[PDB]
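Here you get one chain, nothing else, as structure tokens; it is the form deposited in one PDB entry.
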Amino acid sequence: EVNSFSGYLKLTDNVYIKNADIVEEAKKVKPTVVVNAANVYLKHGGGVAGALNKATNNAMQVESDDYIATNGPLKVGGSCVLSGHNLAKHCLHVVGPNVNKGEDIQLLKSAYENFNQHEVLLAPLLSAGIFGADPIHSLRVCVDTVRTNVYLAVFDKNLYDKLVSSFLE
């Protein structure tokens, strides 16, 4: 069945978290929407984007390249909706700020606001990893900003454990 999310920990009325690999979750769950941790040029060579793209056998990148060549880049804090290929009905490509590259952390709020157009989403923690932002902060912005139902996948067990502890303080 679609959107079969299993084994999540409910944080708030609409935010859930699991220590899991987002690619494997997308396969198990068959979600309507998977969120990609995109950059403005939809170049999915690394991070979560690379994992999602590889799981689509490069179909996501081919589609994204054609999109960008005609439609131009996204903005930091922005999004677009493309195909979910084999992983979901839709992929919501969301650009969080890359604070490793000096972008404004305040754009992380705008980034999460993109989730509010979709009733339920499977998602990574925005601006983590190669984007360099503090994950405890990202979870707080998620909780404070997203109103629709978001199921967060965090594969690194140590990070998952610190996030749950932070939420429960």
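When you see a residue number, it is the position in the sequence shown, counting from 1.
Note that the form solved in complex with a small molecule isn't included here; everything after this is about it.
- Within 4.5 Å of any heavy atom of the small molecule in the entry with it bound lies no heavy atom of residue 141.
- Not displayed here, the small molecule is kept clear of residue 64 by more than 4.5 Å at the level of heavy atoms in the entry with it bound.
- In the entry with it bound, residue 137 stays away from the small molecule, with no heavy atom inside 4.5 Å.
- In the entry with it bound, residue 107 stays away from the small molecule, with no heavy atom inside 4.5 Å.
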